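Asks: Provided herewith: data_17.csv, CSV, C-alpha atoms.
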```csv
chain,number,residue,atom,x,y,z
A,60,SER,CA,4.7,19.4,-13.9
A,61,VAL,CA,3.3,21.5,-11.1
A,62,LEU,CA,6.4,20.6,-9.0
A,63,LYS,CA,9.5,22.5,-10.3
A,64,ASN,CA,12.5,21.4,-8.2
A,65,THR,CA,11.3,17.8,-7.6
A,66,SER,CA,14.6,15.8,-7.8
A,67,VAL,CA,12.5,12.9,-6.4
A,68,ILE,CA,9.5,12.5,-8.7
A,69,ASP,CA,11.6,10.5,-11.1
A,70,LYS,CA,12.9,8.3,-8.3
A,71,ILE,CA,9.4,7.4,-7.0
A,72,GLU,CA,8.0,6.9,-10.5
A,73,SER,CA,10.8,4.6,-11.4
A,74,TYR,CA,10.2,2.7,-8.1
A,75,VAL,CA,6.5,2.4,-8.9
A,76,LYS,CA,7.2,1.2,-12.4
A,77,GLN,CA,9.7,-1.4,-11.2
A,78,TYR,CA,7.2,-2.5,-8.6
A,79,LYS,CA,4.2,-2.7,-10.9
A,80,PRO,CA,4.0,-6.5,-10.6
A,81,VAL,CA,3.4,-6.2,-6.9
A,82,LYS,CA,2.3,-9.8,-6.5
A,83,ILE,CA,0.4,-12.6,-8.4
A,84,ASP,CA,-3.0,-14.0,-7.4
A,85,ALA,CA,-3.0,-16.8,-4.8
A,86,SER,CA,-4.8,-19.7,-6.4
A,87,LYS,CA,-3.4,-22.2,-3.9
A,88,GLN,CA,-6.7,-24.0,-3.0
A,89,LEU,CA,-7.3,-26.8,-5.5
A,90,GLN,CA,-7.9,-29.9,-3.4
A,91,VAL,CA,-9.0,-29.0,0.1
A,92,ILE,CA,-11.9,-27.0,-1.2
A,93,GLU,CA,-12.6,-29.9,-3.5
A,94,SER,CA,-12.6,-32.1,-0.4
A,95,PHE,CA,-15.2,-29.9,1.2
A,96,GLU,CA,-17.3,-30.1,-1.9
A,97,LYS,CA,-17.1,-33.9,-2.2
A,98,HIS,CA,-18.2,-34.1,1.5
A,99,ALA,CA,-21.1,-31.7,0.7
A,100,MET,CA,-22.0,-33.7,-2.4
A,101,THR,CA,-22.0,-37.0,-0.4
A,102,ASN,CA,-24.2,-35.4,2.4
A,103,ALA,CA,-26.6,-33.9,-0.2
A,104,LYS,CA,-27.0,-37.1,-2.2
A,105,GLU,CA,-27.5,-39.3,0.9
A,106,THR,CA,-30.0,-36.7,2.3
A,107,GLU,CA,-32.1,-36.6,-0.9
A,108,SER,CA,-32.1,-40.4,-1.2
A,109,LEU,CA,-33.5,-40.5,2.4
A,110,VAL,CA,-36.0,-37.8,1.6
A,111,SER,CA,-37.3,-39.4,-1.6
A,112,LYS,CA,-37.6,-42.8,0.0
A,113,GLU,CA,-39.4,-41.2,3.1
A,114,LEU,CA,-42.0,-39.4,1.0
A,115,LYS,CA,-42.6,-42.4,-1.2
A,116,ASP,CA,-43.1,-44.5,2.0
B,4,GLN,CA,11.9,58.3,-14.1
B,5,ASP,CA,14.4,58.8,-11.2
B,6,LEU,CA,11.7,57.7,-8.8
B,7,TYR,CA,11.5,54.5,-10.9
B,8,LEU,CA,14.9,53.4,-12.3
B,9,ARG,CA,16.9,53.7,-9.1
B,10,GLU,CA,14.5,51.8,-7.0
B,11,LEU,CA,14.3,49.3,-9.8
B,12,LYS,CA,18.0,48.5,-9.9
B,13,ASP,CA,18.1,48.6,-6.1
B,14,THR,CA,15.4,45.9,-6.0
B,15,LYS,CA,17.3,44.0,-8.7
B,16,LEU,CA,20.8,44.1,-7.1
B,17,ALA,CA,19.8,43.3,-3.6
B,18,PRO,CA,18.5,39.9,-4.5
B,19,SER,CA,21.0,39.6,-7.4
B,20,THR,CA,23.6,37.9,-5.2
B,21,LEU,CA,20.6,36.2,-3.4
B,22,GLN,CA,19.1,34.6,-6.5
B,23,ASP,CA,20.7,35.6,-9.9
B,24,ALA,CA,24.4,35.5,-8.9
B,25,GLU,CA,25.9,32.9,-6.6
B,26,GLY,CA,27.2,35.4,-4.1
B,27,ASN,CA,25.5,33.6,-1.2
B,28,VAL,CA,23.4,36.4,0.4
B,29,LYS,CA,24.4,39.9,1.3
B,30,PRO,CA,21.3,41.5,2.9
B,31,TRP,CA,21.3,39.1,5.9
B,32,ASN,CA,24.4,37.4,7.4
B,33,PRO,CA,23.1,33.8,7.7
B,34,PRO,CA,24.0,31.8,4.6
B,35,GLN,CA,21.2,30.5,2.3
B,36,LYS,CA,23.1,28.3,-0.1
B,37,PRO,CA,23.5,25.5,2.5
B,38,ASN,CA,20.1,26.2,4.1
B,39,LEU,CA,17.1,25.9,1.8
B,40,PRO,CA,18.6,23.8,-0.9
B,41,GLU,CA,20.5,21.7,1.7
B,42,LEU,CA,19.1,21.9,5.2
B,43,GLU,CA,15.5,22.5,4.2
B,44,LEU,CA,15.7,19.9,1.4
B,45,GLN,CA,15.1,17.3,4.2
B,46,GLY,CA,12.5,19.6,5.7
B,47,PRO,CA,9.6,17.7,4.2
B,48,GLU,CA,11.4,14.5,5.3
B,49,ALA,CA,12.1,16.0,8.8
B,50,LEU,CA,8.4,16.9,9.4
B,51,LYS,CA,7.4,13.5,7.9
B,52,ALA,CA,8.9,10.1,8.7
B,53,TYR,CA,12.3,10.2,7.2
B,54,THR,CA,13.6,6.9,5.5
B,55,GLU,CA,10.2,5.3,6.3
B,56,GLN,CA,7.7,7.1,4.1
B,57,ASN,CA,9.7,8.9,1.4
B,58,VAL,CA,11.2,5.5,0.5
B,59,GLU,CA,7.6,4.1,0.3
B,60,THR,CA,8.4,0.8,2.0
B,61,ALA,CA,6.4,-1.9,0.1
B,62,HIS,CA,5.4,-4.9,2.2
B,63,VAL,CA,4.7,-8.0,0.1
B,64,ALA,CA,1.2,-9.2,0.8
B,65,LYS,CA,1.1,-12.1,3.3
B,66,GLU,CA,-0.2,-15.3,1.7
B,67,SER,CA,-3.8,-15.8,2.6
B,68,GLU,CA,-4.2,-18.8,4.8
B,69,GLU,CA,-7.0,-21.4,4.5
B,70,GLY,CA,-8.1,-24.7,6.0
B,71,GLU,CA,-4.4,-25.8,5.8
B,72,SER,CA,-5.3,-29.0,3.8
B,73,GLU,CA,-7.5,-30.8,6.3
B,74,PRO,CA,-9.8,-33.0,4.3
B,75,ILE,CA,-10.7,-35.4,7.0
B,76,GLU,CA,-10.7,-33.9,10.5
B,77,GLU,CA,-12.4,-30.7,9.5
B,78,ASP,CA,-15.2,-32.3,7.5
B,79,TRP,CA,-15.9,-35.0,10.2
B,80,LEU,CA,-15.9,-32.4,13.0
B,81,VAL,CA,-18.2,-30.2,11.0
B,82,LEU,CA,-20.6,-33.1,10.3
B,83,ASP,CA,-20.5,-34.2,14.0
B,84,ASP,CA,-21.2,-30.6,15.2
B,85,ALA,CA,-24.1,-30.2,12.8
B,86,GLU,CA,-25.4,-33.6,14.0
B,87,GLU,CA,-25.3,-32.3,17.6
B,88,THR,CA,-27.4,-29.2,16.7
B,89,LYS,CA,-29.7,-31.1,14.3
B,90,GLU,CA,-31.5,-32.9,17.2
B,91,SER,CA,-32.5,-29.5,18.7
B,92,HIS,CA,-34.0,-27.7,15.7
```
Could I get this file's structure written as structure tokens?
Replies:
Amino acid sequence: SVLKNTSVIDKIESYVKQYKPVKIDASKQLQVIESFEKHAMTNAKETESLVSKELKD
Amino acid sequence: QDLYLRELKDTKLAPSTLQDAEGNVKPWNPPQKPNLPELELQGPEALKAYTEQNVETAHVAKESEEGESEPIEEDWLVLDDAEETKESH
């Protein structure tokens, strides 16, 4: 309202409203991260098996 | 008041063709109808980047890359590299 002879505020506001869905979230990673986790789980379980058997020994 | 009324309508008629009536502009020869509404309308666009910022160019965000689906080579290489450094802790 402070601007009196805008002639362009409507245009930019319409552009912003049309471009409100700028982009969706990128949830692409669903298996490679799972691969890293399964490798880490394997390493952790073999590690703790080794540790437990070593302390018992 | 003669000191008042005549100066009043003089200060009204001189910008009357300038602002109230569409008689271009009498006090100074250069035209104003095609200058501030028309030539200076792009003035903010002339000082700024025309057709580059007033359009507000929206670049779609580039898709964020990742390990590029490498479930064997990356894990094995990481394990081997950690094994190299584990002997020198």
Asks: Could you give me, as an NGL selection string, the residues within 12 Å of residue B:35, counting all atoms listed in the file and dropping anything in the same chain fewer than 3 positions from it?
Replies: :B and (18 or 20-22 or 25-32 or 38-44)
Asks: If you take only C-alpha atoms and a cut-off of 10 Å, which residues of stretch 4-87 of chain B touch stretch 79-103 of chain A, and what are their nearest atom pairs and distances in Å to one decimal, in chain and number order, as CSV?
Replies:
```
residue,atom,partner,partner_atom,distance
B:61,CA,A:81,CA,8.7
B:62,CA,A:81,CA,9.4
B:63,CA,A:82,CA,7.2
B:64,CA,A:82,CA,7.4
B:66,CA,A:85,CA,7.2
B:67,CA,A:85,CA,7.5
B:68,CA,A:87,CA,9.4
B:69,CA,A:88,CA,7.9
B:70,CA,A:91,CA,7.4
B:71,CA,A:91,CA,8.0
B:72,CA,A:91,CA,5.2
B:73,CA,A:91,CA,6.6
B:74,CA,A:94,CA,5.5
B:75,CA,A:94,CA,8.3
B:77,CA,A:95,CA,8.8
B:78,CA,A:95,CA,6.7
B:79,CA,A:98,CA,9.0
B:82,CA,A:102,CA,9.0
```
Asks: Could you tell me how far atom CA of residue A:113 lies from atom CA of residue B:84, in Å and to one decimal?
Replies: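 Computing it gives 24.3 Å between the two atoms.
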Asks: Rank A:78, A:60, A:69, A:115 by their smallest atom-to-atom distance to chain B, using only C-alpha atoms, and report the top residue only.
Replies: A:78
Asks: Atom CA of residue B:49 and atom CA of residue B:33 are how many Å apart?
Replies: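 Here the two named atoms are 21.0 Å from each other.
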Asks: Quick one: distance from atom CA of residue A:114 to atom CA of residue B:91 in Å, one decimal?
Replies: 22.4 Å
Asks: So that I can check the surroundings of residue B:60, please list as JSON, numbers by chain every protein, DNA and RNA residue that reaches within 12 Å of it, counting all atoms listed in the file and ignoring chain neighbours fewer than 6 positions away.
Replies: {"A": [71, 74, 75, 78], "B": [52, 53, 54]}
Asks: Of the candidates B:48, B:59, B:13, B:23, which shows the shortest atom-to-atom distance to chain A, using all atoms listed in the file?
Replies: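 Result for the nearest residue to chain A: B:59.
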Asks: Please output stretch 78-102 of chain A, rebuilt to include N, CA and C atoms, as a compact mmCIF listing (two decimals), in the coordinates of the input.
Replies:
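Writing the result to rebuild.txt gives the following:
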```
# COMPACT_ATOMS: atom_id res chain seq x y z
N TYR A 78 8.01 -1.74 -9.48
CA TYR A 78 7.20 -2.50 -8.60
C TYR A 78 5.74 -2.65 -9.09
N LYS A 79 5.52 -2.49 -10.39
CA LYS A 79 4.20 -2.70 -10.90
C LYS A 79 3.68 -4.13 -10.72
N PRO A 80 4.47 -5.20 -11.00
CA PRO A 80 4.00 -6.50 -10.60
C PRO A 80 4.17 -6.74 -9.11
N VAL A 81 3.24 -6.17 -8.33
CA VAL A 81 3.40 -6.20 -6.90
C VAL A 81 3.31 -7.63 -6.35
N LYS A 82 2.37 -8.43 -6.86
CA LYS A 82 2.30 -9.80 -6.50
C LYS A 82 1.19 -10.51 -7.36
N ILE A 83 1.32 -11.82 -7.55
CA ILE A 83 0.40 -12.60 -8.40
C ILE A 83 -0.76 -13.08 -7.48
N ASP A 84 -1.85 -13.48 -8.13
CA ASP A 84 -3.00 -14.00 -7.40
C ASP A 84 -2.64 -15.33 -6.73
N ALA A 85 -3.27 -15.58 -5.58
CA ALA A 85 -3.00 -16.80 -4.80
C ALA A 85 -4.10 -17.79 -5.02
N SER A 86 -3.94 -18.56 -6.10
CA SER A 86 -4.80 -19.70 -6.40
C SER A 86 -4.31 -20.98 -5.85
N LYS A 87 -4.05 -21.00 -4.54
CA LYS A 87 -3.40 -22.20 -3.90
C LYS A 87 -4.45 -23.29 -3.72
N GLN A 88 -5.69 -22.96 -3.37
CA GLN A 88 -6.70 -24.00 -3.00
C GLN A 88 -7.20 -24.68 -4.24
N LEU A 89 -6.81 -25.95 -4.40
CA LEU A 89 -7.30 -26.80 -5.50
C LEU A 89 -7.72 -28.17 -5.10
N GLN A 90 -7.47 -28.59 -3.86
CA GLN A 90 -7.90 -29.90 -3.40
C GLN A 90 -8.65 -29.91 -2.10
N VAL A 91 -8.29 -29.04 -1.16
CA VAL A 91 -9.00 -29.00 0.10
C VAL A 91 -10.41 -28.47 -0.06
N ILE A 92 -10.57 -27.43 -0.89
CA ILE A 92 -11.90 -27.00 -1.20
C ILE A 92 -12.67 -28.04 -1.97
N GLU A 93 -12.00 -28.76 -2.87
CA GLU A 93 -12.60 -29.90 -3.50
C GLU A 93 -13.00 -30.99 -2.50
N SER A 94 -12.22 -31.15 -1.43
CA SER A 94 -12.60 -32.10 -0.40
C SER A 94 -13.87 -31.65 0.32
N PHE A 95 -13.98 -30.36 0.64
CA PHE A 95 -15.20 -29.90 1.20
C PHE A 95 -16.39 -30.08 0.30
N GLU A 96 -16.20 -29.84 -1.00
CA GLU A 96 -17.30 -30.10 -1.90
C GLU A 96 -17.65 -31.54 -2.05
N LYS A 97 -16.68 -32.45 -2.02
CA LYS A 97 -17.10 -33.90 -2.20
C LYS A 97 -17.81 -34.33 -0.92
N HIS A 98 -17.42 -33.82 0.26
CA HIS A 98 -18.20 -34.10 1.50
C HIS A 98 -19.60 -33.57 1.37
N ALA A 99 -19.74 -32.34 0.87
CA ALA A 99 -21.10 -31.70 0.70
C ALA A 99 -21.93 -32.48 -0.27
N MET A 100 -21.34 -32.89 -1.39
CA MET A 100 -22.00 -33.70 -2.40
C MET A 100 -22.50 -35.04 -1.76
N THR A 101 -21.63 -35.71 -1.00
CA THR A 101 -22.00 -37.00 -0.40
C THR A 101 -23.18 -36.75 0.59
N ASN A 102 -23.09 -35.71 1.42
CA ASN A 102 -24.20 -35.40 2.40
C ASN A 102 -25.46 -35.09 1.64
```
